[PDB]
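Trainee: Just passing along the structure, written as structure tokens.
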Amino acid sequence: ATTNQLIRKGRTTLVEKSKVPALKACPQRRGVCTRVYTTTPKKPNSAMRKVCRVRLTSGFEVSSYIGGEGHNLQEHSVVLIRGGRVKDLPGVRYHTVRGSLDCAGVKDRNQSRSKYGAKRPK
Amino acid sequence: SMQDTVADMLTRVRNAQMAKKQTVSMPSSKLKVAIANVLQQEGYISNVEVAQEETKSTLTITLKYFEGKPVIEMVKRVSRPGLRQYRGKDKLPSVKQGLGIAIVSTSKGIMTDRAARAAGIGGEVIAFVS
RNA sequence: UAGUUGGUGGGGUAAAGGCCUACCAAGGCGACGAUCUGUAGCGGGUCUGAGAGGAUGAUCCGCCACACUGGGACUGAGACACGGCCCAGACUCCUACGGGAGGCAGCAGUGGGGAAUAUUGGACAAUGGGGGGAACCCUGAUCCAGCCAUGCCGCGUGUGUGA
RNA sequence: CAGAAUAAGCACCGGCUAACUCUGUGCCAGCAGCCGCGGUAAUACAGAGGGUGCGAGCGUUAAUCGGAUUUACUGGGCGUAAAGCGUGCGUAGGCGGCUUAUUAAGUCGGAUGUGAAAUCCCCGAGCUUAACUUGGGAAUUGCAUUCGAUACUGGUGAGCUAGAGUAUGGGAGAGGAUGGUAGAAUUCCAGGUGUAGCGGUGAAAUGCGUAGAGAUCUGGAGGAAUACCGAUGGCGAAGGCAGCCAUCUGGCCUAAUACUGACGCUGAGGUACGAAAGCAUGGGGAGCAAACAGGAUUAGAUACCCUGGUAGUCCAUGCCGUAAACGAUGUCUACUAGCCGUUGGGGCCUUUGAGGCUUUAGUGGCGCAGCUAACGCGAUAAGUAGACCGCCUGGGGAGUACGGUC
RNA sequence: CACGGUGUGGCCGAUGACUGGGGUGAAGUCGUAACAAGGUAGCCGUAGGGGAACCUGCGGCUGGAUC
Ligand SMILES: NCCC[C@H](N)CC(=O)NCCC[C@H](N)CC(=O)NCCC[C@H](N)CC(=O)N[C@@H]1[C@H](O)[C@@H](OC(N)=O)[C@@H](CO)O[C@H]1NC1=N[C@@H]2C(=O)NC[C@@H](O)[C@H]2N1
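One line per chain: the protein sequences are l and h, in this order.
Residues in the first sequence are numbered consecutively from 2, following the authors' numbering.
Residues in the second sequence are numbered consecutively from 2, following the authors' numbering.
Here you go:
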């Protein structure tokens with residue numbers, strides 16, 4: 002570009018879209034579990050992974066992964082969700098916080114307890 | 002069309018040095034002669050001559066080669082008609098940490114950036130030579 | 001764009017001025033973005049970056065604007081006035097049904113919303129502010145205290161020996 | 001004063017990245033920032049031991065800048081990776097040849113005023129240290145006024161001819177528009193000679209023919225296109241332009257004087273032209289041939305092959321505005337080894353007529369330097385520089401939807 | 001003159017029976033269009049036709065092999 006072209010029309014900056022639109026620039030969001038179910042991974046992965054469709058206070062309905070082994074969730078549960086992708090699951094962009102509102106911490110876990118929300122053993 | 006005769010002169014000198022010519026010739030002007038005199042004083046070129054046929058005037062420059070390489074290794078036009086560059090006395094550019102020269106047109110005539118700083122004046126930065 | 005742009009006579013203001021008015025003229029703005037439209041309090045500053053730049057405008061200081069929503073004026077040196085008045089609107093409260101009352105975006109606090117942010121505390125002793133000749137009175141400004149690992153900085157949870 | 005008495009957790013150990021083994025499970029349960037782990041010996045899942053990093057904290061999520069030269073002013077690109085508008089003309093604008101006088105707007109220098117305090121930085125001071133508080137500086141890169149300088153840019157006056165243009169002689173060309181005309185060939189019609197085939201394919205068949213084909217000879221009708229010359233030739237802004245002749249008409253090349261005296265380059269908007277197909281009205285229609293019909297082939301044929309055949313291809317008057325509209329390379333200017341072809345001109349030399357040297361404007365093949373990721377480009381640059389414009393910012397969604405113009 | 005009312009016309013948002021294309025996932029059905037001369041060279045513009053990749057006509061390009 003020439004100097005005159007730059008003066009007539011400057012440079013253009015393209016805005017970056019957020020990868021967590023449903024949070025709406027908040028660290029976490031509260032939602033009501035609409036449907037808890039299991040899904041299969043995209044190739045080359047095979048499993049039965051636990052996910053829940055949740056309606057958020059932001060007015061959006063999304064899908065959130067349930068981490069750890071063993072969960073007590075069901076329909077009409079109230080959960081807290083944070084950001085975070087699951088990679089091999091198409092369209093799962095959020096995670097459910099363990100042990101926050103109605104979700105419970107994982108059982109018989111003694112390492113990385115702050116994640117999955119397990120208290121200290123006696 | 003030709004709209005920068007100073008850039009034309011610098012390009013002629015650059016191409017002559019790259020082709021290993023002994024002399025280079027161009028149509029002459031007072032600004033070009035002033036720049037060539039500064040080059041000769043700083044030692045990048047050997048001799049400057051002006052000849053006159055009638056109304057026409059021709060400028061001839063004798064080039065210097067030391068060892069195998071040409072003496073003028075880099076010559077860059079800085080100010081151009083599309084973008085003029087003016088600097089104050091405190092922001093005169095230095096070429097190669099003072100090992101080269103910046104040709105500056107000031108109100109006291111054309112000089113190097115070193116002479117301009119010594120005189121405490123600024124002006125238009127014409128070219129970098131190293 | 002038609003009080004629109006300029007002029008004259010008059011009015012009006014603390015004061016210049018289409019600020020208003022009656023006539024006269026056809027002007028005034030716009031690709032250097034007028035008009036319309038979306039968003040937004042502005043600055044000193046703050047974060048990042050080698051720099052140039054980019055993002056931001058809590059806490060401190062200056063300016064502006066607002067006070068349930070709109071339209072007004074009074075008193076006064078000063079207001080078109082958060083805890084003043086008049087009018088219109090929505091809402092809320094008391095009632096013996098005759099008649100009345102109100103505006104926490106002041107401090108504390110309640111409900112609600114939210115991932116999330118505190119006590120319905122003490123004193124005018126200090127610095128200021130109002131009144132008074134003074135004595136002195138008032139001051140949720142302020143100075144302090146309470147709660148929270150929210151941040152920064154500091155300290156401890158012991159030291160030596162012991163194969 | 002009493003007595004160790006009251007006071008350690010969190011994340012991680014496949015690579016990026018400091019820290020490794022054993023059990024349990026077997027593409028399950030699960031992990032995951034990216035690349036990826038798990039399908040019987042998992043240092044990557046869960047537990048344990050050990051270790052590493054931090055420590056009243058440790059991790060996760062969210063957000064800003066950076067790394068990102070990934071909007072490139074500093075500081076990027078457009079032959080093939082994304083990217084030169086299909087091509088011209090031209091408005092606003094940007095930029096602009098040489099000499100001289102003057103001005104002082106840009107530009108540079110000095111002085112003065114201002115740039116609140118706090119904040120940032122420096123030297124100190126007080127907090128048991130530190131955070132923190134605080135004295136004084138430095139800084140606030142800016143703005144305004146005034147006084148100076150005149151090299152460059154701008155303004156004004158004067159002058160010049162190397163850019164640009166004008167008149168006069170000569171030259172080449174499928175440049176454009178209109179109207180005539182010539183020869184070859186295909187088809188059809190008529191007639192003579194003549195008699196069983198012709199045509200078509202890999203092979204066949206559909207088809208034509210004993211109311212006489214095909215073949216051969218004579219005459220006539222009509223439409224479309226111009227063999228040989230013909231060429232890496234020519235002309236045109238591009239799209240494009242071929243028989244011959246006349247009329248009207250554009251540009252280019254070439255020589256020498258003469259003339260004007262910067263009158264120039266580029267160009268957002270705008271406007272003109274713009275292959276083929278297609279559209280509208282009216283003509284024309286030989287050959288060819290989308291659609292369509294039939295015959296073959298094939299597992300199927302919807303196609304390739306064969307026999308037919310309508311739009312269209314042609315003309316007049318308009319529209320449409322798109323192509324791998326390509327050199328996938330915007331226009332203009334200057335400069336930078338050489339060698340060999342070719343087209344249109346100028347000059348010189350032989351010495352008789354045909355050759356040999358140069359120079360200019362086009363058109364080609366190699367190739368030094370230089371450039372490029374490489375391929376390659378290389379005086380017809382993709383090299384060295386300048387002026388202006390257009391365009392690009394991962395792949396799809398998508399040159400799509402909506403709105404608007406035509 | 002604020003608030004209000006009437007008529008008509010703009011712009012924005014939400015919602016709507018039904019309807020059209022797009023992406024992703026999994027490879028189930030019919031074919032084999034492209035990549036070699038991909039077995040009819042490919043592609044571009046345009047027009048017509050077809051269950052579908054696609055086929056055919058006209059013009060263009062080499063980013064086409066063998067000669
Ligand atoms: N002011 C300046 C004025 C400029 C003037 N107006 C025009 C001008 O000067 N332009 C500069 C030259 C650029 C040139 N166009 C680019 C080029 O040449 N190839 C493009 C790059 C492709 C690739 N990288 C090389 C390649 O594949 N090569 C082949 C190859 O050698 C050979 O083929 C085979 N299979 O072996 C040959 C014979 O078929 O063909 C060549 N291919 C071609 N030869 C043709 C040709 O030259 N042109 C037209 C077109 O057809 C060209 N393709």
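Just so you know, even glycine gets a beta-carbon here, dropped at the ideal spot from N, CA and C.
Run the CB neighbour count on l:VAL107, radius 10 Å, all protein chains shown included, and call it buried at 16 or more, exposed below.
Mentor: For the purposes of this step, residue 107 of chain l is taken as the residue at position 106 of the first sequence. Buried is the call here.
Trainee: Apart from the five residues on each side of it in sequence, which residues of its chain come closer than 7 Å, Cβ to Cβ, to l:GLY71?
Mentor: If you number the first sequence from 1, residue 71 of chain l lands on position 70. Within the same chain, l:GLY71 has close Cβ partners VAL107, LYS108.
Trainee: With contact counted as at least three CB pairs below 8 Å, one residue from each stretch, are the stretch 67-81 of chain h and the stretch 108-121 of chain h in contact?
Mentor: No, the stretch 67-81 of chain h does not touch the stretch 108-121 of chain h.
Trainee: Going residue by residue through the stretch 5-70 of chain h, where are the continuous alpha helix (DSSP H) segments of at least 4 residues, counting only ones entirely within it?
Mentor: If one requires a minimum length of 4 residues, the alpha helix (DSSP H) runs lying completely within the stretch 5-70 of chain h are 6-19, 31-43, in chain order.
Trainee: Can you tell me which of h:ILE73, h:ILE122, h:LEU64 puts its alpha carbon nearest to the alpha carbon of h:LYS92?
Mentor: Position 91 of the second sequence holds residue 92 of chain h. When only C-alpha atoms are compared, the closest one is h:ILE122.
Trainee: Is DSSP giving l:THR3 helix, strand or coil here?
Mentor: One-based indexing of the first sequence puts residue 3 of chain l at position 2. Per DSSP, reduced to three states, the secondary structure at l:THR3 is coil, with no helix or strand assignment.
Trainee: Report the CB separation of h:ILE102 from h:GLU43 in whole angstroms; it is logged as a contact under 8 Å.
Mentor: For the purposes of this step, residue 102 of chain h is taken as residue 101 along the second sequence, with counting starting at 1. For the purposes of this step, residue 43 of chain h is taken as residue 42 along the second sequence, with counting starting at 1. The beta-carbon distance between h:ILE102 and h:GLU43, rounded to whole angstroms, is 5 Å. This is short enough to meet the 8 Å contact definition.
Trainee: Check for me: the beta strand (DSSP E) holding h:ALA117 runs from which residue to which?
Mentor: By one-based count along the second sequence, residue 117 of chain h stands at place 116. Looking at the DSSP string, h:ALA117 is not in any beta strand (DSSP E); the run it does join, the alpha helix (DSSP H), is 114-120.
Trainee: Relative to the C-alpha of l:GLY32, which candidate in l:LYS51, l:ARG83, l:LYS88, l:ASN111 has its C-alpha closest?
Mentor: One-based indexing of the first sequence puts residue 32 of chain l at position 31. The shortest Cα separation from l:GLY32 among l:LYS51, l:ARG83, l:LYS88, l:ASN111 belongs to l:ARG83.
Trainee: So, at 6 Å on beta carbons, what are the nonlocal neighbours of h:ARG15 in its own chain, with the 5 sequence-adjacent residues on each side left out?
Mentor: Against the second sequence, residue 15 of chain h aligns to sequence position 14. These residues qualify, in order along the chain: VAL76.
Trainee: Kindly examine ligand 3 and report whether one of its heavy atoms sits closer than 7 Å to the Cβ of l:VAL93.
Mentor: Ligands in the displayed structure: ligand 1; ligand 3 is not one of them.
Trainee: So, helix, strand or coil for residue 135 of chain l, using DSSP?
Mentor: Only positions 2 to 123 of chain l appear in this structure, which leaves residue 135 of chain l out of reach.
Trainee: For the beta strand (DSSP E) that l:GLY68 lies in, which residues bound it at each end?
Mentor: By 1-based counting over the first sequence, the position of residue 68 of chain l is 67. Run containing l:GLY68: none; DSSP gives neither H nor E here.
Trainee: Could you pull out every unbroken alpha helix (DSSP H) segment of at least 4 residues lying fully inside the stretch 25-50 of chain l, listed in chain order?
Mentor: none
Trainee: Of the residues l:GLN6, l:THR97, l:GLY118, which one's Cα is nearest the Cα of l:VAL52?
Mentor: On the first sequence, residue 52 of chain l is found 51 positions in, with the first residue counted as 1. Sorting l:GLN6, l:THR97, l:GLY118 by C-alpha distance to the C-alpha of l:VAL52 places l:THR97 at the top.
Trainee: What do you get for l:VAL87, buried or exposed, if any count of 16 or more other CB atoms within 10 angstroms of its CB means buried?
Mentor: Position 86 of the first sequence, counting from 1, holds the residue named residue 87 of chain l. It counts as buried.
Trainee: State the Cα-Cα distance for the pair l:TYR95 and l:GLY85, rounded to the nearest angstrom.
Mentor: Reading the first sequence from its first residue, position 94 is the one you call residue 95 of chain l. Reading the first sequence from its first residue, position 84 is the one you call residue 85 of chain l. Going by the C-alpha atoms only, they are around 5 Å apart.
Trainee: With a threshold of 8 Å, are at least 3 pairs of Cβ atoms found where one atom belongs to the stretch 4-18 of chain h and the other to the stretch 54-67 of chain l?
Mentor: no
Trainee: For l:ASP89, collect the residues of the same chain with a Cβ closer than 7 Å to its Cβ; drop the 5 residues on either side in sequence, then sort them by chain order.
Mentor: Position 88 of the first sequence, counting from 1, holds the residue named residue 89 of chain l. These residues qualify, in order along the chain: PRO42, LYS43, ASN46.
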